[PDB]
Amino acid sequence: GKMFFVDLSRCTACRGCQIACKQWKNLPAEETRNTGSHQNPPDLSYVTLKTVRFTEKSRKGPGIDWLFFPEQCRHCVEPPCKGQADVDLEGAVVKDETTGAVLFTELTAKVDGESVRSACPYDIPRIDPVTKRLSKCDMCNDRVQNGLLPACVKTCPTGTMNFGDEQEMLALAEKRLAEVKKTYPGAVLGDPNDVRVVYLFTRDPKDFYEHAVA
């Protein structure tokens, strides 16, 4: 199946990926306000499948460590969300075994959405308060079936986003981790044997986001 390798050592927080996800799906915008941060929307929601999270950490001397995290579903190799949805109604969460995508259907409206979110160790699923349907990143599975890159991977200007076959992408992830560790000694890959969205964090993943890793 497929895999993303996300080299966060290259990310400029341009939010090209955040906008591209919405343009490809023609998703609506949220009502947002500035509460003292560039981050917005503040969280994933039913209409926001990817948001870039901004975290500032103090460093000695001028400047800071500014940590950017373009969050999305990790397309788990064995997704707990599906195990939980299947308790209430099969067919709410299905797999594409060719691409590796984990896919929510409109039958999510008939499962316990809060339980499905609770089952996700990455706190990814989001429920529509009106329909009770669940949404998240769907790996741009139809683009991928048609031999294209996911919208957020194609759009990325910096080579942060990478996509391809799992063997090539895990080899790339390990090669890049070894290089980036020359500058960022606490660099780590996120849950690389469990997920299909493999982040290279430049420091403790929890500094990027509370649910960055399981």
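By rigid core we mean the largest C-alpha set that fits within 1.5 Å across both forms. Numbering starts at 1 and follows the sequence shown.
The stretch that strays farther, by root mean square C-alpha distance over structures and residues in 5 other deposited structures of this protein after a rigid core fit, is 53-61, when 53-61 is set against 160-168.
Stretches 23-31 and 165-173 differ in mean CA B factor, with 165-173 having the higher one. The mean C-alpha temperature factor is higher for 90-98 when 90-98 and 70-78 are set side by side. Per the deposited coordinates, the residue with the largest Cα temperature factor out of 36, 61, 159, 150 is 61. When the modelled residues of the chain are ordered by their C-alpha B factor, residue 140 lands in the lowest third.
Per the deposited record, the Cα B-factor of residue 55 falls in the middle third when ranked against the other modelled residues of its chain. The PDB entry assigns residue 8 a C-alpha temperature factor belonging to the lowest third of its chain's modelled residues. Split the chain's modelled residues into thirds by C-alpha temperature factor. Residue 124 is in the lowest one. Residue 16: CA B factor lies in the lowest third for its chain, per the PDB record.
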